[PDB]
Amino acid sequence: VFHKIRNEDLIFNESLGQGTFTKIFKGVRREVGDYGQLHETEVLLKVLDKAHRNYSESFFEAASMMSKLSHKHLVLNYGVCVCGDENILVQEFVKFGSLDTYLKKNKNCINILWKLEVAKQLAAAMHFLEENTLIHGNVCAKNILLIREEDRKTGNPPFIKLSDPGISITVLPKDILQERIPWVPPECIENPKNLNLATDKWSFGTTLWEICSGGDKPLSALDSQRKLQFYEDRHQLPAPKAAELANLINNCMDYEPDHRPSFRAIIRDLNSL
Ligand SMILES: N#Cc1ccc(Nc2nc(N)cc(-n3cnc(CCO)c3)n2)cc1
């Protein structure tokens, strides 16, 4: 279970965007830290919409299991605030935000080595989850956070963390799942209860495509009906302009879930490049 944080110890500041049935804010948490020192800590406040409070269990189940495992590439959740009529997840504040936005704003200076390094880090996080048989369920660039930028001057690579998946696709309305094609894999469009470790391998491929496409959203030009037919006709995504990872993307986005490669094999493939 999560640590409970009092509403009185939280300050809400600027909106940082939205997720499915959620709103995201920068905030501050007043707390007693190590050695009894008082801190005012920057936090990320993720607020479930009041009109959708019936999703609260799924909303928190998302963060909870992951938070039971500690890992350098997994986002740190501090706790929850459920004072009053609020359902709030309190998470570490990451300096450079989510990867979808970062890729869009920085595509003109993100090269193949940056992408490869980010791909390796995401794959390491997914390998850790796979070895713990823990399904994420919503791997996408919007759920990757950039802790540290690349610094060629000190040879330092960028550093990312995988964030929580949000409300599960197993409880979400069908139209939202359809709009999430091609992150949601075909077997889960057919039946959301098919959610499996193999799900994350497909979504990881879609996420690599995002990383390689400067923040473009694959199939964004297709409405929901056409995204459905894309799966019915068994199409693959087009290779990104910088196509170094295209074979890996397509191997991960295998319409046969049992044929998708282990994250160990994915990592060995990345290391070959
Ligand atoms: N300009 C700007 C700027 C924006 C955001 C941050 N920091 C931050 N920290 C987090 N822990 C999570 C997020 N975040 C943002 N969008 C999502 C979507 C769901 O993943 C998550 N952003 C820092 C700078």
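- In the annotation of the PDB entry, the chain is listed under the name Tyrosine-protein kinase JAK2 and assigned to Homo sapiens.

**Details of helix α6 (residues 197-212)**
Because each turn of an α-helix spans 3.6 residues, side chains separated by three or four positions end up pointing in the same direction.
Thinking step 1. Relative to the 22 Å expected for 16 residues at 1.5 Å per residue, α6 spans 23 Å between its end C-alpha atoms, a close match to the ideal helical length.
Thinking step 2. Of all 16 residues making up α6, 15 are buried, and the element is well covered by its neighbours.
Thinking step 3. Backbone nitrogen of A198 and a side-chain oxygen of the N-cap are separated by 2.9 Å at the start of α6; the cap is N196.
Thinking step 4. Of the residues flanking the end of α6, it is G214, one or two places downstream, whose phi is positive at about 55°.

**Observations concerning the pattern of salt bridges**
Side chains that differ in sign of charge can pair as their charged atoms come close.
Thinking step 1. Tallied over the entire structure, the rule returns 8 salt bridges.
Thinking step 2. Where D164 meets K46, a salt bridge forms, and the shortest distance between an N and an O atom there is 2.8 Å. Note that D164 is positioned in the loop between β7 (159-162) and α4 (174-179) and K46 in strand β3 (residues 38-48), a separation of 118 residues in sequence.
Thinking step 3. Note on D164: relative accessible area 3%, which makes it buried.

**A short note on the domain arrangement of the chain**
Thinking step 1. In terms of domains, the chain is made up of domain 1 (1-93) and domain 2 (94-273).
Thinking step 2. Taking only C-alpha atoms, the centre of domain 1 and the centre of domain 2 are 24 Å apart.
Thinking step 3. Every contact between the two is made by 24 residues of domain 1 and, on the other side, 28 residues of domain 2.
Thinking step 4. Elements with a minimum of two residues in the side of domain 1 that touches domain 2: β1 (10-19), β3, α1 (56-68) and β5 (88-92).
Thinking step 5. By residue number, the principal contributor to the side of domain 1 that touches domain 2 is α1, which donates 6 residues.
Thinking step 6. Of the residues assigned to the side of domain 1 that touches domain 2, the class counts are 13 nonpolar, 8 polar and 3 charged.

How each quantity is defined
Residues numbered from 1 in each chain as written, not as in the entry; some residues may be left out. Heavy atoms only, no water. Residues with missing side-chain atoms left out of burial classes, pairs and counts. Helix = DSSP H or I, 4+ residues; strand = E, 2+ residues; numbered from the N terminus. Expected span 1.5 Å × (residues − 1). Buried < 20%, exposed > 50% of the residue type's maximum accessible area, 1.4 Å probe, protein only. Polar contact = N/O pair within 3.5 Å; in protein donor to acceptor, adjacent residues only side chain to side chain. Salt bridge = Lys/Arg side-chain N within 4 Å of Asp/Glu carboxyl O. Domains from an automatic or database assignment. Contact = heavy atoms within 4.5 Å. Nonpolar A, V, L, I, M, F, W, Y, C, P; charged D, E, K, R; others polar.

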